[PDB]
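In: these chains are from a complex, not moved at all, and more is on the way:
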Amino acid sequence: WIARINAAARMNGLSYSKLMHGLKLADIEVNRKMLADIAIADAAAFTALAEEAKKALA
């Protein structure tokens, strides 16, 4: 779960620790492993929730 999601996060150049850190910074979602399950075909869910984390670190 976490390995493939830091694989796609690292494909966006993002590291798991600051991503998750942006997830605690982030919304009501602290949802973990379904958020790992978006490894299939989710630039919208994956990179957009990544942008939610970008406005959570921001």
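Out: All right, it came through fine. Numbers count the residues shown, from 1 in each chain, chains lettered A, B, ... in the order given.
In: Residue A:35 touches residue A:4, doesn't it?
Out: No: with contact defined as C-beta atoms under 8 Å, residue A:35 does not reach residue A:4; the gap is 11.0 Å. The way it works is simple: take the backbone N, C-alpha and C, and place the C-beta from them, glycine included.
In: Compare neighbour counts for those two and give me the winner.
Out: residue A:35 (19 against 12; other C-beta atoms under 10 Å).
In: Tell me the buried residues in the helix or strand where residue A:8 lies?
Out: Per DSSP states H and E: residue A:8 is located in helix A:2-11. Neighbour counts over helix A:2-11 (16 or more other C-beta atoms under 10 Å) mark A:5-6, A:8-9 as buried.
In: What of stretch A:41-50?
Out: A:46-47, A:49-50.
In: Tell me how far the helix with the most length in chain A lies from the chain's centre.
Out: Counting by DSSP state H, the longest helix found in chain A is helix A:43-57. Helix A:43-57 has its C-alpha centroid displaced from the chain centroid by 6 Å (C-alpha atoms, centre = their mean, to the nearest Å).
In: would you put the C-alpha positions of that helix in PDB?
Out: Taking C-alpha atoms only, helix A:43-57 is exported to PDB below (Å, rounded to 0.1, in the frame of the first residue of the first chain):
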ATOM      1  CA  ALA A  43      -4.500  11.100 -12.100                       C
ATOM      2  CA  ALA A  44      -7.700  12.900 -11.000                       C
ATOM      3  CA  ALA A  45      -8.000  11.100  -7.600                       C
ATOM      4  CA  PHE A  46      -4.300  10.600  -7.100                       C
ATOM      5  CA  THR A  47      -2.700  13.800  -8.300                       C
ATOM      6  CA  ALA A  48      -5.700  16.000  -7.300                       C
ATOM      7  CA  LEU A  49      -5.800  14.600  -3.800                       C
ATOM      8  CA  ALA A  50      -2.100  15.200  -3.900                       C
ATOM      9  CA  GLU A  51      -2.900  18.800  -4.700                       C
ATOM     10  CA  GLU A  52      -5.300  18.800  -1.700                       C
ATOM     11  CA  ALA A  53      -2.100  17.900   0.200                       C
ATOM     12  CA  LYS A  54      -0.300  20.700  -1.600                       C
ATOM     13  CA  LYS A  55      -2.900  23.100  -0.200                       C
ATOM     14  CA  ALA A  56      -2.600  21.300   3.100                       C
ATOM     15  CA  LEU A  57       1.100  22.000   3.300                       C
END
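In: That helix packs against which elements?
Out: helix A:16-25 (3 or more C-beta pairs under 8 Å, 6 or more residues apart in numbering; DSSP states H and E).
In: add chain B to the structure above:
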Amino acid sequence: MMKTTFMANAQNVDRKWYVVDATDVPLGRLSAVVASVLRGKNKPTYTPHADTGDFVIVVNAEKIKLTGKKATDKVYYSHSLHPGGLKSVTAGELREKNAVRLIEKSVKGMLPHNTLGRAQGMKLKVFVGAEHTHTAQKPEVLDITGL
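Out: If we add chain B to the chains shown above, we get the following:
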């Protein structure tokens, strides 16, 4: 409930090719991330039996940014099974001759030591001063940094 996992790769694998080089790049910092790509660990599709073994290409492999006097005190070893089997390839030596196992033995130290690790680890693509060969397929140059 039960099968929320997904391999999505364990038959339908990918095959991609990467010229990866810097003429002088340090050995460890190149080595573990080219290890990561030869896993395909950076690819978002990991399976413990993924076989995302990347075509990890290196050319022009003359130099490590060699910190300290490592070309004088790196010295390697080996042991033939004949008793008293010390045979040592040493530090700066055979770098200038054949800097191949100067890399991929250390990437054997990188890899998961198993049949898949020896699969892609024994599917490296290694050139030391070259413009390599067989660009019939499509190669792509990967990064510079240690990321």
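In: Check the buried residues of stretch A:41-50 one more time with chain B there.
Out: A:46-47, A:49-50 (16 or more other C-beta atoms under 10 Å in any protein chain shown).
In: ok, for whichever residue of chain A sits closest to chain B, nearest residue in space, not its chain neighbours?
Out: Going by C-beta to the nearest C-beta, chain B is nearest to residue A:8 of chain A, at 3.7 Å. Leaving aside its sequence neighbours, residue A:8 sits nearest to residue B:44 (C-beta to C-beta, 6 or more residues apart in numbering or on different chains; 3.7 Å).
In: so what's the backbone phi/psi at the one you found?
Out: Main-chain dihedrals, residue B:44, degrees, to the nearest 10: phi -80, psi 40.
In: and the buried residues of stretch A:41-50, which two are the farthest apart?
Out: Using C-beta to C-beta, the pair of these lying farthest apart is A:47 and A:49, separated by 7.6 Å.
In: Nearest to chain A: which residue in chain B?
Out: residue B:44 (3.7 Å).
In: residues contacting that residue?
Out: A:4-5, A:7-8, A:11, A:39 (C-beta atoms under 8 Å, 6 or more residues apart in numbering or on different chains).
In: go with 10 Å
Out: Residue B:44 makes contact with A:3-12, A:38-40, A:46, B:8 under the criterion C-beta atoms under 10 Å, 6 or more residues apart in numbering or on different chains.
In: So it versus residue B:17, what's the distance?
Out: From residue B:44 across to residue B:17, the span is 19 Å (C-beta to C-beta, to the nearest Å).
In: center of chain A - which residue?
Out: With distances taken as C-alpha atoms, centre = their mean, residue A:50 lies nearest the centre of chain A, 4.7 Å away.
In: Confirm for me that that residue is in contact with residue A:19.
Out: Yes: Residue A:50 is within contact range of residue A:19, at 7.2 Å (criterion: C-beta atoms under 10 Å).
In: what do the two both touch?
Out: Counting by C-beta under 10 Å, 6+ apart, the shared contacts of residue A:50 and residue A:19 are A:9, A:12, A:56.
In: With adjacent residues omitted, what lies nearest to the first one?
Out: Going back to what we said before, that points to residue A:9. residue A:19 (5.2 Å).
In: my guess is the one you found meets residue A:36, correct?
Out: No: in this structure residue A:19 lies outside contact range of residue A:36 using C-beta under 10 Å: 11.4 Å.
In: what touches both of the two?
Out: In contact with both residue A:19 and residue A:36: A:2, A:5-6, using C-beta under 10 Å, 6+ apart.
In: From those, list the ones also adjacent to chain B.
Out: Among the shared contacts of residue A:19 and residue A:36, the residues within reach of chain B (C-beta under 10 Å from any C-beta of the partner chain) are A:5-6.
In: The following sequence is to be added as chain C:
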Amino acid sequence: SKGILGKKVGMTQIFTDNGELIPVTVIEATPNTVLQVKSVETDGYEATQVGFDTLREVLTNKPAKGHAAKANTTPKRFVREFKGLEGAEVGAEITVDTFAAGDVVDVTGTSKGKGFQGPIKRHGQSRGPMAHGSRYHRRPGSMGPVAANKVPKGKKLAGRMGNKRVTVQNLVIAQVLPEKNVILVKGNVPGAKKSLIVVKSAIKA
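Out: So that you can see how it sits with the rest, here is chain C on the chains above:
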């Protein structure tokens, strides 16, 4: 550079000059049958895979008459190599009278096949004592130190023996008294009965 394509007929002794009884030997000195040069480009080495011994129809093969393909004519039996070359023709070349590596000849043979032997018989350790109420004689000795639960390799202990080619150095004959069909050599030239004795020279010289 040494077309020494040939066998011996045996081992003798003759006085040659100012008397000097010398253990003397010979090679049959059949005409050399050397193929093309086969330079470094197609194959990184230099040598010639020289053909020899002139078969009849039976002992051949379509890669043997088919070696008279990429040769020109006359399929042969034996093929060796010689690095150090002159080169004349693709298939068959010039005979015994030229010598171009040295007269301390470092002669190469394929030793007499004496078979499986005793432990001493060529491994040369001490045979055990006979007398004085001890069972131990004709058995080579212990080999494993106790600190490992192993035995080492490397120590010669037995072995079916004899078909082992040897390249002995500096066999001593001068510029050979030739013939159409002789080569004088000296004494215990290695090999066996009906064994080809081809030889390059001066590798320690």
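In: Once more for the buried residues of helix A:2-11, now including chain C?
Out: A:4-10.
In: if we can go back for a sec, do the longest helix of chain A and chain B meet at all?
Out: Yes: counting by C-beta under 10 Å from any C-beta, chain B is contacted by helix A:43-57 at residue A:46.
In: Can you pull up the residues of chain C that come close to chain B?
Out: Residues of chain C lying near chain B (C-beta under 10 Å from any C-beta): C:145, C:148, C:150-155.
In: Would you mind getting the angle between the helix holding residue A:8 and helix A:43-57?
Out: 80 degrees (axes from the mean of the first three to the mean of the last three C-alpha atoms, to 10 degrees).
In: coming back round to it: show residues contacting the longest helix of chain A.
Out: A:5, A:8-9, A:11-12, A:14, A:18-27, A:29, A:31, A:34-35, A:37-40, A:42, A:58, B:44.
In: Which single residue in chain A comes nearest to chain C?
Out: residue A:3 (41.9 Å).
In: is it true that residue C:24 lies in a strand?
Out: Yes: membership of residue C:24 in a strand is supported by DSSP: H, G, I helix; E, B strand; the rest coil.
In: helix or strand for the closest residue to it other than its chain neighbours, which one?
Out: Excluding its sequence neighbours, the residue lying closest to residue C:24 (C-beta to C-beta, 6+ apart) is residue C:14, at 4.3 Å. For residue C:14, the host element (DSSP H and E) is strand C:11-15.
In: Turn the residues of chain C next to chain B into CSV, columns for neighbour count and secondary structure.
Out: Output for those, formatted as CSV (neighbours: other C-beta atoms under 10 Å in any protein chain shown; DSSP: H, G, I helix; E, B strand; the rest coil):
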residue, neighbour count, secondary structure
C:145, 10, coil
C:148, 9, coil
C:150, 9, coil
C:151, 12, coil
C:152, 14, coil
C:153, 12, coil
C:154, 11, coil
C:155, 13, coil
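In: what's the distance between the residue of chain A closest to chain C and residue C:75?
Out: For residue A:3, the distance to residue C:75 - C-beta to C-beta - is 65 Å.
In: what does residue B:72 give?
Out: According to C-beta to C-beta, residue B:72 and residue C:75 sit 58 Å apart.
In: Tell me which of the two has more neighbours.
Out: residue C:75 (22 against 12; other C-beta atoms under 10 Å in any protein chain shown).
In: any idea how far residue B:124 is from residue B:34?
Out: 8 Å.
In: Mutual contacts of these two, please.
Out: In contact with both residue B:34 and residue B:124: B:54, B:56-58, B:103-104, B:107, using C-beta under 10 Å, 6+ apart.
In: Which ones among these lie within helices?
Out: Per DSSP H, the shared contacts of residue B:34 and residue B:124 map to helices at B:103-104, B:107.
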